[PDB]
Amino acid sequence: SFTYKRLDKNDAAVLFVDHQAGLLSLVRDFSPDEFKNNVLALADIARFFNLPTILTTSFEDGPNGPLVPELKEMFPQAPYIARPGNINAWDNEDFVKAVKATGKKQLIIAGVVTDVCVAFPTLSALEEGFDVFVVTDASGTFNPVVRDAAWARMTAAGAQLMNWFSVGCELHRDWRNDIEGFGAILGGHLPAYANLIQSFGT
């Protein structure tokens, strides 16, 4: 009938694909403020659950620009695959080697742009039998129309569309595993929730 394949913190890896200084100016389907916070939220979550994290860039020594400094600072030890040519990250042998080295079946992916640098390796990974979870609000593209088309194409392939908050909650399962630690993530990336915490504290 149906199988609920939900995120497991022991079976998941996170992929940050081409969050580069140049490419980010192409993102117009999210505001710069929301998009920065959403990506950093996913990064905090990846760091909080000690998930194997993989960083990759496309043509970073050109107009595409360098990876945002936050990602390198937060994951200084993570596999960093600079792709000089391959647009689909899965066409890069070093990238795929790094993914399989994690030993994780679940791939949490976010990047720029959604319709290409996210969609292409998502479709490729799905073909190889990976369970792919797309962080839709940490992935950006030219406009809502292009985004919706990318969703349709990935949905049809069996990708699970989610967001950083749902990713965090599905990984955490139970508040009591770490109340303050998890609460700090929510408070740090949901200003309305930070307000609830502060009011509750008085």
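Residues carry their position along the shown sequence, with the first being 1.
Of the two segments, 78-86 and 101-109, the one listed with the higher mean B-factor is 78-86 (C-alpha atoms only). Stretches 171-179 and 28-36 differ in mean CA B factor, with 171-179 having the higher one.
Comparing the C-alpha B-factors of 144, 65, 69, 52 in the entry, the top value falls on 69. Among all modelled residues in this chain, the alpha-carbon of residue 191 has a temperature factor (C-alpha) in the highest third. Per-chain ranking of the deposited C-alpha B factor places residue 151 in the highest third. Residue 137 sits in the lowest third of its chain by CA B factor, as recorded in the PDB entry. Compared with the other modelled residues of the chain, the Cα B-factor recorded for residue 15 ranks in the lowest third. Ranked by C-alpha B-factor against the other modelled residues of its chain, residue 58 falls in the highest third.
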